[PDB]
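Counting with PDB author numbering, you get residues 1 to 90, 136 to 170 for the letters of the sequence shown.
Every residue gets a Cβ at the ideal spot worked out from N, C-alpha and C, and that includes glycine.
The structure under discussion appears below in the form of C-alpha cells.
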Amino acid sequence: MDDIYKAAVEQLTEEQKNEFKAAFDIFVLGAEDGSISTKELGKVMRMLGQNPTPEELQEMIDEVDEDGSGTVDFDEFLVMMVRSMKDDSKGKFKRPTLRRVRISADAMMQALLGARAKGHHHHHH
Ligand SMILES: NCCCCCNS(=O)(=O)c1cccc2c(Cl)cccc12
Ligand SMILES: [Ca+2]
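Right, dumping it as C-alpha cells:
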C-alpha cells in the first residue's frame, strides 16, 4: 500500500467513496472477513466472463495486497482500481520485461455494478 495509492483513496469525494463502497460490499458478498478473497474474486471475475482458479485468484489479490494479507480489503480494493488508473494516467517507473494482465479494472466495476444493463446514467459516460 504505497502512500500515493493511499492518497488516491482519500482523494475520492463522498460520492466517489460511496460508489466504491457499494462495489466493495458486493465484492465481498458472503465473505466472512468482509474482504475480497479468491472465492469472492472468482465469482466477480466469473461475471466479467473470466474463470480463474483459486491459486490464480490469490495471485490477483497479491497484486494489490502489499501487506501480504492475502485478501483485498477496502484499501486494496480502491488501490487496485487506482493502480490501473495510475498506470494509464501516469505509468511512471514501468519496470522491464513489460507489464502483464490487461484486465480492465473499470470493466470489472461495470459487471459488479450491473444495474440490469443500464449501469448508471449513460450521460455520465
Ligand atoms: N493496469 C493494471 C491493472 C491492475 C488492476 C487489475 N488487476 S487484475 O488482476 O486484472 C484484477 C481484476 C479484477 C479484480 C481483482 C481483484 Cl479483486 C484483486 C486483484 C486483481 C484484480
Ligand atoms: Ca490485505
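query: Closest by C-alpha distance to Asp151, when choosing among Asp88, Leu29, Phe138; result: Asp88
query: C-alpha distance - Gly159 paired with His167, whole-angstrom precision; result: 13 angstroms
query: One or two residues paired with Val82 in a DSSP bridge; result: Per DSSP, none; premise fails for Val82.
query: Reference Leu57, options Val72, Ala8, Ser69, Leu41, closest by Cα; result: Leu41
query: Beta carbon of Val72 nearer than 7 angstroms to that of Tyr5; result: no
query: Cut-off 8 angstroms between Cβ atoms - residues of its own chain near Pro52, not counting five sequence neighbours on either side; result: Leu41, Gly42, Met45, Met60
query: Element boundaries [alpha helix (DSSP H), containing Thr38]; result: 38-48
query: Opposing strand residues paired with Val72 [DSSP bridges]; result: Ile36
query: With 16 other Cβ atoms within 10 Å as the buried cut-off, status of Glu10; result: exposed
query: Beta-carbon proximity check, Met153 vs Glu66, cutoff 7 angstroms; result: no
query: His165 (DSSP reduced to helix, strand or coil); result: coil
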